[PDB]
Amino acid sequence: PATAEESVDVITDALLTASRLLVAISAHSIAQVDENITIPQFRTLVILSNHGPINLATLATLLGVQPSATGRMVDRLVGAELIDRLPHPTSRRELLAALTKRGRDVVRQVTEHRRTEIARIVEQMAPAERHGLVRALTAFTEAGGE
Amino acid sequence: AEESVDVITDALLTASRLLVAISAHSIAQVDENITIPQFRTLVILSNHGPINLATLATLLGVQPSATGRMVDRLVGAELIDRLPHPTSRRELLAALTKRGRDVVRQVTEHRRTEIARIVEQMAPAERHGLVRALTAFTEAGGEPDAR
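Residues numbered from 1 in each chain as written, not as in the entry; some residues may be left out. Chains lettered and ligands numbered in written order. Heavy atoms only, no water.

Looking at the method and resolution fields of the entry, one finds X-ray crystallography and 2.300 Å.

Here it is, written out as structure tokens:
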């Protein structure tokens, strides 16, 4: 019970602090695996894990980046041996990007750190709060973007 | 069986995707070059004041060698000053620079603007029981209020 109602402002403030705790969790996870990797780099890695081999055009669209800056960065990650480039089945031109075994290990290690840290925090919460938290973040995800 | 945990944790990896992307975007929009661990370092510094490397690394949950390296970088980028230890020591303290504080403030204000825009879109009917749950999350996680 009950609450309520809750104003935008108090909901936003609570979500803001929650967002800092999730960044803390991510920072811990990313740094443990790769202390140098950037935001757009890791996002690229996750995209490829989630969608599998895709052309640079498609990658760029999902990244929200210009195709030109995507090529440069893909190349860096190729040099870090996290991404391979593959011929299309079969276009000219393109050209598809996919994770190396290494790229895959990066994404899965970061996830495993995140879930261990989350689990640790969740153990400290009452079962009813845990459930309420899933509800709260799901509702937020539903509302926008959406 | 139980427990699981765990099932909740999994539901949470999925449920938190958006907030995380919004957070990551907000950092990236102020400085293109700052990593997420780097940004967390700055937030810890605004919350904890000047602290030494051992304390920073522990609060970050990152290995000290790597922590030391990312403080060096942030020093190079004028976001962090190294200060003398108040008592004895030997070890130098790390603290925010004015520009450092602006970065933290800017990223925070921009993320808040995106969050509230999305909160305006939740039906008034469903605006119940949200704060309680979120607050329990941050208390359990030890995260200070944003504010």
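Visitor: Provide a residue-level description of the sheet that holds strand β2 (residues 80-83) of chain B, including the pertinent values.
Guide: Across a sheet, strands are paired by hydrogen bonds formed along the backbone, either parallel or antiparallel in direction. All names here are of chain B. The strand order across the open sheet formed by three strands is β1-β3-β2, and the pairing between neighbours is antiparallel. Here the strands that pair on one side only, and so sit at the sheet edges, are β1 (51-52) and β2. As paired strands, β1 and strand β3 (residues 93-96) are joined by two bridges and run antiparallel to one another. Looking across to β3, one finds that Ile 51 is bridged to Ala 94. Relative to the sheet, helix α3 (residues 36-48) contacts β1, β2 and β3, its axis offset from that of β3 by approximately 95°. (Pairing = 2+ DSSP bridges. Helix = DSSP H or I, 4+ residues; strand = E, 2+ residues; numbered from the N terminus. Contact = heavy atoms within 4.5 Å. Axes fitted to C-alpha atoms, helices over the stretch in contact; angles between N-to-C directions.)

Visitor: Summarise the pattern of salt bridges; cite the residues concerned and give the values.
Guide: All chains considered together, the criterion is met by 12 salt bridges over all chains. Taking the shortest distance from any N to any O, the salt bridge between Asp13(A) and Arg112(B) comes out at 3.0 Å. Taken together, the positions of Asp13(A) in helix α1 (residues 8-33) and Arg112(B) in helix α6 (residues 98-119) put the pair across two chains. Using a relative accessible area of 23% as the deciding quantity, one classes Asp13(A) as partly exposed. For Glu112(A), the salt bridge goes to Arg115(A), with nearest N and O atoms at 3.4 Å. (Salt bridge = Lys/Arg side-chain N within 4 Å of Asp/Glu carboxyl O. Buried < 20%, exposed > 50% of the residue type's maximum accessible area, 1.4 Å probe, protein only.)

Visitor: Can you break down the side chain of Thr100(A) residue by residue, with the values?
Guide: Residue and element names in this part refer to chain A. Here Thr 100 is to be found in the loop between β3 (95-99) and α5 (101-123). Using a relative accessible area of 18% as the deciding quantity, one classes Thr 100 as buried. One polar contact links the side chain of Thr 100 to the main-chain carbonyl oxygen of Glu 81, over a distance of 3.4 Å. (Polar contact = N/O pair within 3.5 Å; in protein donor to acceptor, adjacent residues only side chain to side chain.)

Visitor: Help me get a handle on the nonpolar core, residues and values and all.
Guide: Across soluble globular proteins, you tend to see nonpolar side chains buried next to one another. Of all hydrophobic cores here, the largest spans 48 residues; its most connected members are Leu45(A), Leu59(A), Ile36(B), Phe39(B) and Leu42(B). With six residues, α3(B) is the largest single contributor of residues to this core. Setting aside its immediate chain neighbours within four residues, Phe39(B) contacts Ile27(B), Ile34(B), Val103(B), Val104(B), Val107(B) and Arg111(B). (Core = buried A, V, L, I, M, F, W, Y, C linked by side-chain atoms within 4.5 Å.)

Visitor: Can you tell me about the interface of chain A and chain B, naming the residues and giving the values?
Guide: Each partner contributes to the interface: chain A provides 60 residues, whereas chain B provides 65 residues. Carbon and sulfur atoms supply 69% of the area buried between chain A and chain B, which totals about 6,100 Å² over both sides. If you sort the residues of chain A by the area they bury against chain B, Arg20(A), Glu35(A) and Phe140(A) come out on top, with a joint share of 13%. At the boundary of chain A with chain B, the tally comes to five salt bridges. For the pair chain A and chain B, the number of links is 17 residue pairs in polar contact. The set of elements that each furnish at least two residues to the side of chain A that touches chain B consists of α1, α5 and α6 (127-143) of chain A. At 24 residues, α1(A) tops the list of elements feeding residues into the side of chain A that touches chain B. Tallied by class, residues from the side of chain A that touches chain B come to 32 nonpolar, 16 polar and 12 charged. (Buried area = accessible area lost by both parts, 1.4 Å probe. Nonpolar A, V, L, I, M, F, W, Y, C, P; charged D, E, K, R; others polar.)

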